[PDB]
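First, one chain by itself: the form solved without the ligand, in structure tokens.
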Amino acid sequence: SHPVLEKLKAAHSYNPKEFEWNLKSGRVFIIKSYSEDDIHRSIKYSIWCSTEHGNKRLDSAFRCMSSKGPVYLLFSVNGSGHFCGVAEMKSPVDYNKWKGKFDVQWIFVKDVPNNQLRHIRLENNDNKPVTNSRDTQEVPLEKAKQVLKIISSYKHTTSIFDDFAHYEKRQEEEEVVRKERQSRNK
């Protein structure tokens, strides 16, 4: 058992059974991640960073939703075929590998295959399936309720947490290599 993950699980009630998916207000966005390593980092440090344009959109949404409702992020790694979790945005974007940064609170951490969601289509993206969205695509609230119900209710068999020790190793090893590469250059 990894101690870092057990500390995270103790401090947060991931995959809560009593999640309010029938939202009264709020804004919901698709987040496309470049890699699993970013999802892993986001979960351990409760931060996210999008592109410059993505950060501008999400920052605006967060400030526009201040004291009116939550902003939810539906995460999927590019080319993965599944959604891997849901986080709430908890701060505006702070600028200046990740250029920007904003706080997030991870709520669901579980793999939901795209075939459970592809029947939900987005009228604001040429009626393409919600699983065929670009980064920071906004989800109309009524379709977002259906997505959140499905993700919340799905009996998942796996999550990124099953690979926790692997992703820790990857980060550690890369950090060593990076520091070494700097040393040879000074």
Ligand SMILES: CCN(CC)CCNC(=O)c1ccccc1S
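Don't overthink the numbering: it's just position in the shown sequence, from 1.
J.: Check the residues of the deposited sequence separating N96 from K97 and report how many of them have no coordinates, as none, 1 to 3, 4 to 9, or 10 or more.
T.: According to the record, 4 to 9 deposited residues lack coordinates from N96 to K97.
J.: With respect to the recorded C-alpha B factors, which stretch has the higher mean value, 111-119 or 83-91?
T.: Averaging CA B-factors over each stretch, the winner is 111-119.
J.: Comparing average C-alpha B factors as deposited, tell me which of 153-161 and 45-53 sits higher.
T.: In the deposited entry, the stretch with the higher C-alpha B-factor mean is 153-161.
J.: Between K32, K145, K68, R27, where does the Cα B-factor run highest in the record?
T.: If I rank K32, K145, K68, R27 by C-alpha B-factor, first place goes to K68.
J.: Would you please rank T131 by its C-alpha temperature factor against the other modelled residues of its chain and give the third it falls in: lowest, middle or highest?
T.: Middle third - that is where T131 ends up once the chain's C-alpha B-factors are sorted.
Keep in mind the form solved in complex with the ligand is missing from the figure; the text below concerns it.
J.: In the deposited complex, which of the listed residues (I30, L148, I160, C49) lies with a heavy atom within 4.5 Å of the ligand?
T.: Contact residue from the list: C49.
J.: What is the one choice in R57, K128, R41, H156 with a heavy atom within 4.5 Å of the ligand in the deposited complex?
T.: Here the answer is residue option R41.
J.: If you check in the deposited complex, is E138 within 4.5 Å of the ligand, heavy atoms only?
T.: Close contact is absent here: in the deposited complex, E138 is far from the ligand, nothing within 4.5 Å, heavy atoms only.
J.: Can you tell me which of 138-146, 33-41, 57-65, 119-127 lies within 4.5 Å of the ligand in the deposited complex, counting heavy atoms only?
T.: One stretch meets the cut-off, namely 33-41.
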